[PDB]
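Participant: Here's my sequence, what's the structure:
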Amino acid sequence: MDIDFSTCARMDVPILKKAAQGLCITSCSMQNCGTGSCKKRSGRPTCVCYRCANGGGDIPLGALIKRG
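Facilitator: Numbers count the residues shown, from 1 in each chain. Next up is the structure itself:
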C-alpha cells in the first residue's frame, strides 16, 4: 500500500469524506489499531491514527510499518 499524500477529505474531492477518512479508520485496523482521524496540517493532508496497540495514539502508517 505504501504512503499516500491524499488520504483525507480535505484533499480536493471532499464530496466523499467517508472514502477519504476510510484510509485512516480502516487503515489503522490493518495495523492492529482502534481508530484514526485525519486533519489538514499546515495545509497538508495528513492522516493521524488513534486507539492503536503499538502506541495507543498518533501513529502514522509509516510508524506502523511492518515491512521495513
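Participant: Neighbours of the residue lying closest to residue 49 once chain neighbours are set aside, how many?
Facilitator: Nearest residue to residue 49, sequence neighbours excluded (CB to CB, 6 or more residues apart in numbering): residue 36, at 3.7 Å. Backbone N, C-alpha and C define where each C-beta goes, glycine included. For residue 36, the neighbour count with other CB atoms under 10 Å is 27.
Participant: Would you state the helices of this protein in chain order?
Facilitator: 17-29 (DSSP state H).
Participant: picking up where we left off before, ok, now which ones touch the residue nearest to residue 49?
Facilitator: Contacts here follow CB atoms under 8 Å, 6 or more residues apart in numbering; on that basis residue 36 touches 24, 25, 27, 28, 47, 48, 49, 50.
Participant: Which one of those residues is nearest to residue 68?
Facilitator: residue 27 (16.1 Å; CB to CB).
Participant: Return the residues in contact with that closest one.
Facilitator: Applying CB under 8 Å, 6+ apart, the residues near residue 27 are 1, 7, 36, 47, 49, 61.
Participant: let's go with 7 Å and repeat that
Facilitator: The contact partners of residue 27, by CB atoms under 7 Å, 6 or more residues apart in numbering, come to 36, 61.
Participant: Counting neighbours, which of the contacts of residue 36 comes out on top?
Facilitator: Busiest of the contacts of residue 36 [other CB under 10 Å] is residue 49, holding 27 neighbours.
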